[PDB]
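Undergrad: Before I ask anything, here's the sequence and the deposited coordinates:
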Number of protein chains: 4
Amino acid sequence: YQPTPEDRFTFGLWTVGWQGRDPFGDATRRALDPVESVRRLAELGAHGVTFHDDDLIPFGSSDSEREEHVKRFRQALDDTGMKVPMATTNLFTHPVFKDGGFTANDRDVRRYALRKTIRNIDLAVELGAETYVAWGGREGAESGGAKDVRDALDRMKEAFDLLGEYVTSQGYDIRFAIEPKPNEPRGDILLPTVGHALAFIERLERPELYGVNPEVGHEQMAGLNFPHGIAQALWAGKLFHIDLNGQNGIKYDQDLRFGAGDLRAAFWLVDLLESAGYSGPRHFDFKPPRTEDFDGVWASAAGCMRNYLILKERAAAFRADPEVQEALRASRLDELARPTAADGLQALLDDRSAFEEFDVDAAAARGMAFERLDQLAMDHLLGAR
Amino acid sequence: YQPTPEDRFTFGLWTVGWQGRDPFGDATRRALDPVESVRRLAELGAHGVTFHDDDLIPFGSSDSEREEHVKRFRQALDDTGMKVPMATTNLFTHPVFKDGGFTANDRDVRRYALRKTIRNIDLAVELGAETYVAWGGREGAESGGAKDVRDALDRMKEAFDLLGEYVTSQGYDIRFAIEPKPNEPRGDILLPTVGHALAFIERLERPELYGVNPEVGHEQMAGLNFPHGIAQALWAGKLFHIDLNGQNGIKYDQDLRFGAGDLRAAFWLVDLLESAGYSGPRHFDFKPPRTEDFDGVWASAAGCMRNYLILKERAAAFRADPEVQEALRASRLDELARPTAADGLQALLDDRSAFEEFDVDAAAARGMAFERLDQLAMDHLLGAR
Amino acid sequence: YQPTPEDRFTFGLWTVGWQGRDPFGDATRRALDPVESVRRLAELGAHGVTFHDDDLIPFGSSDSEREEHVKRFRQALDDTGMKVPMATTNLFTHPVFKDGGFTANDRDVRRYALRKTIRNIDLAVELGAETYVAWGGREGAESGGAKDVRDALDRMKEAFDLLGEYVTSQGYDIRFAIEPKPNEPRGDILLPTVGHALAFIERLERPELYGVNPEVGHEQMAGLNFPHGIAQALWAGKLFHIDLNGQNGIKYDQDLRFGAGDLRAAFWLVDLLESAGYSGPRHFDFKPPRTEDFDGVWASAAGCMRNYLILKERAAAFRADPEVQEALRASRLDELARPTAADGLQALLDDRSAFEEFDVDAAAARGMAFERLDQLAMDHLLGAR
Amino acid sequence: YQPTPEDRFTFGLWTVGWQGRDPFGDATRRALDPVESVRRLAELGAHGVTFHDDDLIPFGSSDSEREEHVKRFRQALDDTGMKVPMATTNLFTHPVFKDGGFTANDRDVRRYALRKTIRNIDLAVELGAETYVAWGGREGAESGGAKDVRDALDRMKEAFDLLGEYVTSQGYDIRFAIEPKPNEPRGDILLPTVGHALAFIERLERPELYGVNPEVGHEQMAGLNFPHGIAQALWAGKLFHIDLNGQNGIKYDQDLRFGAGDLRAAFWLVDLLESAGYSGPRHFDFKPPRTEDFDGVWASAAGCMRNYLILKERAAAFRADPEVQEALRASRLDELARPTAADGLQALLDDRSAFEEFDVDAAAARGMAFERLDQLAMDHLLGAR
Ligand SMILES: [Mg+2]
Ligand SMILES: [Mg+2]
Ligand SMILES: [Mg+2]
Ligand SMILES: [Mg+2]
Ligand SMILES: [Mg+2]
Ligand SMILES: [Mg+2]
Ligand SMILES: [Mg+2]
Ligand SMILES: [Mg+2]
């Protein structure tokens, strides 16, 4: 189960470089030079890295220091063959963003947020990124009167519409992906799930430029089924990027390594991504636990990729098993794929077998055979077939 | 705080008529004749009632018995002045629906589901309903292999598109509202939140015919902020109907009377509905607890309306208080309503006050004054000003 | 992975015999004769069965009918070799129990609850049960004023103290196990977790007669770590019985087959039960999904046992792996088992290496190596070592 | 609703002094001198303050600097009349504690934890504290193999038993209170709820020295009913201290001001504390939101006390209302307080009215009248009677 760059595994600089500071404790690890993270991830078989503007260029840098930080980074990329497929803005750390960026109540902050974002879109295009992620971690409220949500959504649409005008006017080949999260660090965050983000995109001026960047742990913080939400994003044609990690239920955002947390959900997720032919990056947004030293950091990151590749093998064996294909027919998954009424509305209304003569008791007696199918899936996951 | 029909309070027949059967216990109350429910609710000041087909006409009724049940119902409506603004289909109780209606794996069940729905649309139009609700309570799964969600969404779109063709071809003045719910009775239900439903509607053939029917308790079963989701539905122009009740956190669907459960959320909800000028029914989908006899049933229903009217008074006093209007300005809610960049993209790029000369430390030091505002809201809710 | 009675797998009659009635739907399967359930479970390799009084003897049976139902049951046990290790009372289904049994507000109901329980203790002893389970599913409230919890706990202690006096006076060799659950069917249930039950037992007159019967899904309905709670029950010497099943997070009580739901938690649970030498029954309190026919029922029950035996094999391989034993030492699990201060309090106070000369920065720099250990556990679970 | 020191309102130094650093953002407020916090809280009508050792004496202080920090603090207390009723240890911030203090896997860390705690017990007694709180925020795990929970509980008992030996040998008049929390910052924390803590105390060598310090938000992070857990702690005689704040459901620990979050739960909590005659401090463990400047900090703290006093008035009016006292009898709260079987076990067995002649259908038909009672409670809370 050894990864190669063909597998398109990517990591955020902020993931392996997380120093371990949490709401109740100081950092437990020293800071990582971005150049060393690139080389260590290349050694592990990763395909590329991603960054916030403030991960790469420390906040408040002159254009000279900025130039030097980028040149060092590009030289590490050229030395290793690593790519940069995605980039994003930090609109959450600095105190100025304490009430949001695009939806801050203060107008001057909203304008500064847009200028800070545009500057990093230029940098992302230069380094070759195809997707620009927006996570509005501070867009939200702790109390009901602080934020008129209809006005906030107006301001959110205005900001994204302006970004789309910018990339259109410059001729950039880059697309945006909105990353939802239901809460933390705000009490409630705007666009809290995949569904709310998908709905919001359809109200933008150029909806075709925008998709979603769902994260495993974020939908599970609302107790939702992550493979189900990913299917809906694929069904709408909007899965532009994905963030893989692990989460143990409804609580603070844990960002465990992929495969930890809900293991069966990770299996069904890989099954879906591989059978639907998702061809984007397999990006890990995780945090090595602050119990770990740097040896633990790299073991945790290697484990992300290993677990994807074991699950990929097991799901492929599951779908190729003739006994499984036979069980899928026994449960009528084949009938689910067939149109309900390709004969049209009038034919349906005139069909007495659809109502007047339908034997409801005979249909109700047919078992679905779902438990035998699920135990075959369990046996395959566990390598017990 | 006495209700009048001008307040447009409505109840489902299945609410006051719930016999108290739950997953672990037998019924504690006898069944109610729909005609008696109509008269008792009219006496309490309700505006109207709603029904599932199987609430009004017992499943498996001949057209003769069906005719007699409807005539008795209409005579009770004419006797009392009660209206019927909404109707819906029961696609969840009969065993035939154990794997869903519109997205059942069995094709013949999906066809029967559509025929059963269309028959009740005709009845709803006859009784004057303006909204037809669809709650897909059995559309979902307990295990991952049982349901290909992309195929299921294809089948869901096909069913709703067919219903829209039917009402268009008949010339009916009726609109559809999709009611989301994240789980129960299935392990996960398709279109689990307001956001997923809003996103799905935009993929239908005639999106203008469809909106949402959110329920307080359902969004709170995912730990989401219900007033926030309602603002997004209003922002999209899709709040066609609403179900009011109470829920104590993330657990089974409690359907407590409105005002119980999360009291502060109910205050912010009423504040939003009244300030946005929602003019549809205030519908209660609740269950009087099975501890109660029929006297408790009617006290519980009266309490639904009372609590709405107390909250309406307190939110109106809150917004009219000059000290509150002054605090809203202190927190810059007025600036949130103003465009970020009505001067356009180029002017923003050239504005040095938006970036090169923006004083980030001075802006960051400005407090938002949100806690004083929220304590004014608390004082108003509690009648302590 | 074939079960034998040596594995001590047991099932409730109400589990495989669940007819599929849920809060929103009618039954999907016919009722099972208890005698047929016994024979079909014996065929699958189960060790025994358990029952509520009302599962075996239908409520309101004369002593003659009661005698005949028991004789038929005993003949099925003698025919198959199946044992009855546990029994319990139904104090939740009949309407009389709508406000509880032992803590109902009505005194006459509380007295009836105790008489109904005592009658079934006699029957349990006759059939050879060693443990008598009490699940107070109706002890609780939906509203705050309905139940003074201090008075309710007084009444709960009085009821259990009376049961202990009864079994002591009769000379029965039977012990009680309290089964906690946080909610459903009441809004909040008294003694909602393992911890609350363990605390309550220590206030009884004869605490040595009482232990806990934890259920996987119930602690997970509060988002708690089930293996952690089981360790605390074992640490106190109170794990008298256990209910195995599966649950997908914080929501209604799903009662999935064991191994579904949180798979990694099931692995750590089996690891704990086997390494601590738990010798009681492995009891399954699950519900075959109502999508299933009777063939699905038996496949679901067989899957319960299969999944325990696969997990038992993987956890045993994990603990026997020298590379794992070496990693456990690397993470200092051996030091966790050694006393902090066997040298006593005075020696600790005088030990300058414990404070005045303790190198806090050197200790803080030591990584815990927990991620490498957990990936070894993952590899073992998945059969990838 | 103006507070006076007679109301015994206390605040942690770390509450109003929280600088606003969270997992995703830098501090938004400058640090507060503890002496200024004391004077500003005295001005607001608080009774006293509490502290962690590291709040008052910065970590790594020489005995000279330590002496000066304490003298400045004592002079502020003498100047204002403020008391110090409780103190606690910081065993969570420094990196050395990344795997716990009392249950760290490393033995030398566990010894250092005990020495650090004992030093602050001496200081607490000097300043007059009656209660010493222990919150084991780092005692726990993110993965299953990292922590044998039975060994960890052995180590936890050993540490607390040693602290009890220390205070006994010194003749201190101080008691310990264990503060539970289910998760954050560890993935799962040991002793996660009030119940688990109460159970653990009964296994200590001197159980009478130990009680619980429950926090509103912590039990609500497990979706539990906080007034119910407080009743159980009072019933066991173990409510030594209490932490008041607000929390909006199952998510990260919000620490909102008291009265925000679940408002009805706060009403029932105050009703319980006042009717049971709790005489300890009303301590607020809250965080002013990082949106606020220092004016917002003090408004948030004043709001804590105001909201307690409004709720105290409303609950007292509720219990004194004759119409409520009559409704309590209608719901048989009086019968709940009467013994089930003061006539003893034999009399119960011989009582034919308790079983053979009990009219189960007549009892089942009696409504509990709980909804009318709860609407009276709602009317009183809202000031609408
Ligand atoms: Mg995350
Ligand atoms: Mg992410
Ligand atoms: Mg509901
Ligand atoms: Mg509803
Ligand atoms: Mg259960
Ligand atoms: Mg059970
Ligand atoms: Mg807290
Ligand atoms: Mg606290």
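TA: Thanks, I have the structure now. Numbers count the residues shown, from 1 in each chain, chains lettered A, B, ... in the order given. Ligands and ions are numbered 1, 2, ... in the order given.

Undergrad: drop to CA atoms for contacts and neighbour counts, all remaining ones
TA: OK.

Undergrad: Looking at the stretch 51-200 of chain A, which residue is nearest chain D?
TA: Across the stretch 51-200 of chain A, no residue is closer to chain D than residue A:93, which sits at 3.9 Å (CA to the nearest CA).

Undergrad: quick one: that residue and residue D:25 touch, right?
TA: Yes - Residue A:93 lies in contact with residue D:25 (CA atoms under 8 Å); the separation is 3.9 Å.

Undergrad: need the strands for chain A, in chain order.
TA: Ranges of strands within chain A are A:9-12, A:48-52, A:86-88, A:131-134, A:140-141, A:175-178, A:188-189, A:210-212, A:243-244, A:282-284, based on DSSP state E.

Undergrad: could I get those as JSON lines with mean neighbour count and distance to chain C?
TA: JSON lines is the format used below for the strands of chain A (neighbours: other CA atoms under 10 Å in any protein chain shown; distance: least, CA to the nearest CA, whole Å):
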{"stretch": "strand A:9-12", "mean neighbour count": "26", "distance to chain C": "17"}
{"stretch": "strand A:48-52", "mean neighbour count": "23", "distance to chain C": "22"}
{"stretch": "strand A:86-88", "mean neighbour count": "26", "distance to chain C": "27"}
{"stretch": "strand A:131-134", "mean neighbour count": "22", "distance to chain C": "29"}
{"stretch": "strand A:140-141", "mean neighbour count": "26", "distance to chain C": "24"}
{"stretch": "strand A:175-178", "mean neighbour count": "23", "distance to chain C": "26"}
{"stretch": "strand A:188-189", "mean neighbour count": "24", "distance to chain C": "19"}
{"stretch": "strand A:210-212", "mean neighbour count": "26", "distance to chain C": "25"}
{"stretch": "strand A:243-244", "mean neighbour count": "22", "distance to chain C": "17"}
{"stretch": "strand A:282-284", "mean neighbour count": "26", "distance to chain C": "16"}
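
Undergrad: Of all these, which one comes closest to chain B?
TA: strand A:188-189 (6.8 Å).

Undergrad: Check which strands are paired with that closest one and give the direction for each one.
TA: Partner strands and pairing direction for strand A:188-189 (DSSP bridges) are strand A:140-141 (antiparallel).

Undergrad: and the helix ranked longest in chain A, is it in reach of chain D?
TA: What stands out as the longest helix in chain A, according to DSSP state H, is helix A:294-320. No - under the criterion of CA under 8 Å from any CA of the partner chain, chain D is not reached by helix A:294-320; the shortest gap measures 12.4 Å.

Undergrad: So what's the gap between that helix and the chain middle?
TA: 17 Å (CA atoms, centre = their mean, to the nearest Å).

Undergrad: Any part of it near chain C?
TA: Yes - part of helix A:294-320 sits near chain C under the criterion CA under 8 Å from any CA, namely A:294, A:295, A:296, A:299, A:300, A:303, A:310.

Undergrad: And the residues you listed, which is closest to residue D:142?
TA: Closest approach between these and residue D:142, by CA to CA: residue A:300, at 13.0 Å.

Undergrad: shouldn't that closest one be in contact with residue C:371?
TA: Yes - contact criterion CA under 8 Å: residue A:300 and residue C:371 qualify, at 5.8 Å.

Undergrad: Contacts only, for residue A:269.
TA: Applying CA atoms under 8 Å, 6 or more residues apart in numbering or on different chains, we find residue A:269 in contact with A:226, A:227.

Undergrad: Ok, residue A:212 next?
TA: A:176-180, A:194, A:197-198, A:233, A:238-242.

Undergrad: Would you check how far apart residue A:184 and chain B are?
TA: Residue A:184 sits 12 Å away from chain B, going by CA to the nearest CA, to the nearest Å.

Undergrad: what's around that residue, how many residues?
TA: Residue A:184 has 23 neighbouring residues, counting by other CA atoms under 10 Å in any protein chain shown.

Undergrad: again with residue A:21
TA: Neighbour count for residue A:21, taken as other CA under 10 Å: 17.

Undergrad: what do you get for residue A:139?
TA: Counted by other CA under 10 Å, the residues lying close to residue A:139 total 28.

Undergrad: That one touches residue A:100, doesn't it?
TA: Yes - using CA under 8 Å, residue A:139 is in contact with residue A:100, at 4.6 Å.

Undergrad: In contact with residue A:202, which residues?
TA: Counting by CA under 8 Å, 6+ apart, residue A:202 has contacts B:199, B:202.

Undergrad: And it, its phi and psi?
TA: The phi/psi pair for residue A:202 (degrees, to the nearest 10) reads phi -70, psi -10.

Undergrad: got the contact list for residue A:256?
TA: Listed by CA under 8 Å, 6+ apart, the contact set of residue A:256 reads A:245, A:246, A:247, A:286, A:287, A:288, A:289.

Undergrad: residue of the stretch 1-150 of chain A with the smallest distance to chain B?
TA: At 3.9 Å from chain B, residue A:96 is the closest residue in the stretch 1-150 of chain A, using CA to the nearest CA.

Undergrad: any idea how far the closest residue in space to that residue that isn't next to it in sequence lies from residue A:101?
TA: Among residues not flanking residue A:96 along the chain, residue B:364 sits closest, at 3.9 Å (CA to CA, 6 or more residues apart in numbering or on different chains). Per CA to CA, to the nearest Å, residue B:364 is found 12 Å from residue A:101.

Undergrad: Can you pick out the residue with more neighbours from those two?
TA: Between residue B:364 and residue A:101, counted using other CA under 10 Å, the more crowded position is residue A:101 (29 against 20).

Undergrad: okay but the more buried one is in contact with residue A:89, surely?
TA: No - under the criterion of CA under 8 Å, residue A:101 is not in contact with residue A:89, lying 10.4 Å apart.

Undergrad: Might you enumerate the residues of the stretch 251-385 of chain A proximal to chain C?
TA: Counting by CA under 8 Å from any CA, the residues of the stretch 251-385 of chain A near chain C are A:261-264, A:289, A:291-296, A:299-300, A:303, A:310, A:364-372, A:375, A:381-384.

Undergrad: got it, and the stretch 101-250 of chain A?
TA: When proximity is defined as CA under 8 Å from any CA, the stretch 101-250 of chain A approaches chain C at A:223, A:249, A:250.

Undergrad: wait, the second one sits on residue A:220?
TA: This means residue A:249. Yes - at 6.2 Å, residue A:249 and residue A:220 qualify as touching, with contact defined as CA under 8 Å.

Undergrad: about what we covered before: switch the residues of helix A:294-320 next to chain C over to TSV; also include neighbour count.
TA: Compiled in TSV, the residues of helix A:294-320 next to chain C are given as follows (neighbours: other CA atoms under 10 Å in any protein chain shown):
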residue	neighbour count
A:294	16
A:295	12
A:296	21
A:299	19
A:300	27
A:303	23
A:310	20
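
Undergrad: Let me see the ranges of the helices in the stretch 251-385 of chain A.
TA: A:263-275, A:294-320, A:322-330, A:333-336, A:344-350, A:360-365, A:370-381 (DSSP state H, counting those that start in this stretch).

Undergrad: which ones are touching the residue lying closest to residue A:336 once chain neighbours are set aside?
TA: With CA to CA, 6+ apart as the criterion, residue A:336 has its nearest non-adjacent residue at 4.6 Å, and that residue is residue B:105. Residues near residue B:105 by CA under 8 Å, 6+ apart: A:331, A:332, A:333, A:335, A:336, B:99, B:147.
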